[PDB]
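There is one chain below, alone, in structure tokens, taken in the form deposited in one PDB entry.
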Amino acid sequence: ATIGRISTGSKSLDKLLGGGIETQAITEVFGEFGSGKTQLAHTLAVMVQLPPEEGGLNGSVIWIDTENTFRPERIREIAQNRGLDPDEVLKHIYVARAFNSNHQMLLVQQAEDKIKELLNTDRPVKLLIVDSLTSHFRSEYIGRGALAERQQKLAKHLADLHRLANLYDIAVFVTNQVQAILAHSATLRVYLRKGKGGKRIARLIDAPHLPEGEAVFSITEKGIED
């Protein structure tokens, strides 16, 4: 029942997060296009595989991809440059493409099967990524009355995700795109934005009991880092 933390690769962002993203929680990253949401997801999918003294949880990953932006070679590069075996690392990421929102919801039920299978093995699932949490919902639920219906379906989907996080001690990491779609209650919302000089800036939103500064990071051949 203790909480585990997965390093993001950035010391700056890790400090903002209290050491990394938490198990038994849904962390939502949100921001405009190009703000680094997907690159952070890729980095986390490598970092979680590290031992705990290196910031990981010796864990496997389930990834629900909605817009086909998962890149196996980016995983390999990030792994390679952090001293891990690129091919081994891919072996422990289980990617499924969600065709629509209803399929996305079914894939969360299927994730529980994979989770159970690995639970008391040496590489339990420790990270579940949904990229994008909201893209299908934005496309499908549109027009008069759609706000209530969309928020309703999303809340149920997030409830499924919360259950998996808490029941199996897993960090859930979801993405959400904004044009400068309420994610019910993610545990923690992190706003990402592009800054000058190729830097990215992160800020915690509506978290008055947590740090109020901003983290600054780059996107490199190691994925995310200061």
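Shifts are known only where both forms have a C-alpha. One rule holds for the numbers: they count along the sequence shown, beginning at 1. Just so we're on the same page, rigid core means the largest C-alpha set that superposes within 1.5 Å between forms.
There is also a form solved in complex with a partner chain; it is not shown, and the following applies to it.
- With its partner chain left out of view, the stretch that reaches within 4.5 Å of it through heavy atoms in the deposited bound form is, among 56-64, 184-192, 197-205, 31-39, 56-64.
- A heavy atom within 4.5 Å of its partner chain in the deposited bound form is found for exactly one of 90, 84, 154, 118: 90.
- Not displayed here, its partner chain is approached by residue 110 to within 4.5 Å at the level of heavy atoms in the deposited bound form.
- Though the partner is left out of this view, residue 94 does reach within 4.5 Å of its partner chain in the deposited bound form, counting heavy atoms only.
- Core-aligned CA deviation for residue 51 between the shown form and the other one: less than 2 Å.
- Taking only residues common to both forms and fitting on the rigid core, the CA shifts of 2 Å or more between the shown form and the other one cluster into runs of 3 or more residues at 181-184, 196-198.
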